[PDB]
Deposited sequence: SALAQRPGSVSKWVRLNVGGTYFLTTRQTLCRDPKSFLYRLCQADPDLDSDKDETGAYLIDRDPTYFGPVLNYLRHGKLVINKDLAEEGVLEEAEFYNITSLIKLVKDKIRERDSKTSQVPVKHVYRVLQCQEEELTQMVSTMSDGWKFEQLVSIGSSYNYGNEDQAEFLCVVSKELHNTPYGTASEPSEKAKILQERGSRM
């Protein structure tokens, strides 16, 4: 087997998922003994599950959502292309019963769900005040995050000459 060490032997297995052929090995299919695929892990002639004439095992499922599943079995990472529905993938995760994966999948969803849905950013407001002699400084030293909103005058020793409304963004 090209990829593996010379001298070794690999049991290639072909799956026909919903009409699309997938090539992989009995070895990759032992990853999860709780998955019904594990049935292939073990070599068995008196198991004869339905095959097509090329000998590929028949599965009645959408193949487009299968890749990410299979690939989880191959390298432990969940990887979904940007144009693909994770809902679809959650369904295959379940049908093939791979609890570790199902787990990750659900996280991928809430992770990108709390990202999507949220009403315009929340704003906080402060009111600053200063004597006139400290006006320049007050504004030129505006703290890191804040936005100037509005300057107001009072005035008539401690008299508060200028008010200043100032704002900030909240990101969550």
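Comparing the deposited sequence with the modelled residues shows gaps at 1, 158 to 163, 180 to 202, with numbering starting at 1.
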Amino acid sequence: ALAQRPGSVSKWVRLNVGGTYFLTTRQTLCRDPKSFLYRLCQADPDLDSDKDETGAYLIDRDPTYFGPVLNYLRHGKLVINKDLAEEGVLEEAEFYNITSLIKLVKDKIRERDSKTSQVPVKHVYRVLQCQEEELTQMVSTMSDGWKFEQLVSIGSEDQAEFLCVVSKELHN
From here on, numbers count along this sequence of modelled residues.
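Stretches 38 to 46 and 22 to 30 differ in mean C-alpha B factor, with the higher average recorded for 38 to 46. When 48 to 56 is weighed against 66 to 74, 48 to 56 comes out higher, by mean CA B-factor as recorded in the entry.
Among the modelled residues of its chain, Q129 has a C-alpha B-factor that falls in the lowest third, as given in the PDB entry. Looking at the C-alpha B-factors along this chain, the one for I154 belongs to the middle third. Ranked against the other modelled residues of its chain, the C-alpha B-factor of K147 as given in the entry falls in the lowest third. Per-chain ranking of the deposited C-alpha B factor places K122 in the highest third.
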